[PDB]
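Report on one structure; see the data block that follows.
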Amino acid sequence: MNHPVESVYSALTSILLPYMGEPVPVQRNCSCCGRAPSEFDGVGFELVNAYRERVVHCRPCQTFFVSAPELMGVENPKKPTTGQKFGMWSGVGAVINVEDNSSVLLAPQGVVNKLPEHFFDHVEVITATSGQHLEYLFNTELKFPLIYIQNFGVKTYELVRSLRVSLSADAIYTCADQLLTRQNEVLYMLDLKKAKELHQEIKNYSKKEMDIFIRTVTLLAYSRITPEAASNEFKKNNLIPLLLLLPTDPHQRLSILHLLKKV
DNA sequence: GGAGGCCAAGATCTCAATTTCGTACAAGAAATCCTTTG
Ligand SMILES: [Zn+2]
Numbered sequence: 073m074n075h076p077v078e079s080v081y082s083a084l085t086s087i088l089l090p091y092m093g094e095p096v097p098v099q100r101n102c103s104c105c106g107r108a109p110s111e112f113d114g115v116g117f118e119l120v121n122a123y124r125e126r127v128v129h130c131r132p133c134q135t136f137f138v139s140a141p142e143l144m145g146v147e148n149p150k151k152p153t154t155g156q157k158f159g160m161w162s163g164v165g166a167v168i169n170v171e172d173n174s175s176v177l178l179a180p181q182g183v184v185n186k187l188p189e190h191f192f193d194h195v196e197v198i199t200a201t202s203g204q205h206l207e208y209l210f211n212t213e214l215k216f217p218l219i220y221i222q223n224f225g226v227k228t229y230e231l232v233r234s235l236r237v238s239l240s241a242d243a244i245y246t247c248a249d250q251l252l253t254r255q256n257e258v259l260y261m262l263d264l265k266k267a268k269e270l271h272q273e274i275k276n277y278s279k280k281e282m283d284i285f286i287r288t289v290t291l292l293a294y295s296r297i298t299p300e301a302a303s304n305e306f307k308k309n310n311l312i313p314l315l316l317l318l319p320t321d322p323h324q325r326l327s328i329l330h331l332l333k334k335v
């Protein structure tokens, strides 16, 4: 019940409620999310994947493998009878407001074209490419707690095991279909608050000074310029407060810079 | 007739550019020095 996949299912993937059929009583944990059957009420959906493996998917997890062409359009014309699947979308993200239980889908223009009219009635979709997810997140007033999926991808198991509720703008957890180990959440953690304050205070600096700051910090985070050189560049360009507002972590620096150069 | 395998197709996009070690030293003894000188 109170797990990350359940919220995204209720808010976003409940649109294909008609297109699964009834569950089946199961006696083994859902291989996709991995949690225990005790929170499935003893029911589950059996399935066999493209690799011929018997896998049990619970109610909110099985929705990532449902074929609903009459709702989700056709994903590949070579196979008309299998429409877009939530677990197979690559480049498509979403933002799910758990407390409101609503969802907004960030799909590129191609996917939006492939989606039928009936899809938009249940889920509001805004055309945005993979790089434009950050633009929507920055510009639009997010409502927390929320689940921000960045790349539905094709590795549905890793996607569901990477879902994490973003309790506030200080730490928005991106779910990019890559298994969110404790080693790599720095690459999937976005601090919209720090990026927002840095963007607010960057207005005081020239465009040339901006380019200089971004390039210097990027090179430093990639160890392509010595720290003394970067310090000289910051001091000569009066970029000290900007560095003071940057995280010490170089990967977070790169992430927030990537966000900055998108907005 | 079902059940393995081989292939094609699926959304657009991520940023960064590198150049050559260290310089000069030398103690009290069996030794062979020796063999003297002759
Ligand atoms: Zn599950």
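So for the first sequence, this note's numbering puts the first residue at 73; every next one is plus one.
By construction, the Cβ of each residue, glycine as well, lies at the ideal position given by its N, Cα and C atoms.
- Task: Pick out whichever of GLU171, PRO132, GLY165, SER303 has its Cα sitting closest to the Cα of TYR91.
- Result: Nearest option by C-alpha distance: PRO132.
- Among all residues, which have a Cβ less than 7 Å from at least one non-hydrogen atom of ligand 1, and in what chain order do they fall? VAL77, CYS102, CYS104, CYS105, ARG107, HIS129, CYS130, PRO132, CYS133, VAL232
- Query: Mapping DSSP to helix, strand and coil, what is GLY165?
  - Reply: strand
- Hey, quick one: how far does the beta strand (DSSP E) through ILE328 stretch, first residue to last? It is not in any beta strand (DSSP E) - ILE328 instead sits in the alpha helix (DSSP H) that spans 322-332.
- Task: Would you identify the three-state DSSP class for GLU269, choosing helix, strand or coil?
- Result: helix
- Message: Quick check on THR298: buried or exposed, where buried means 16 or more other Cβ atoms within 10 Å of its Cβ?
- Response: exposed
- In whole angstroms, what separates the C-alpha of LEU235 from that of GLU257? 11 Å
- Query: How should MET73 be labelled, buried or exposed, when 16 other C-beta atoms within 10 angstroms of its C-beta is the threshold for buried?
  - Reply: exposed
- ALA243 bridges to which residues according to DSSP? Its beta-bridge partners are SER240.
- Buried or exposed by the 16-neighbour rule on C-beta atoms within 10 Å, applied to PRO76: buried
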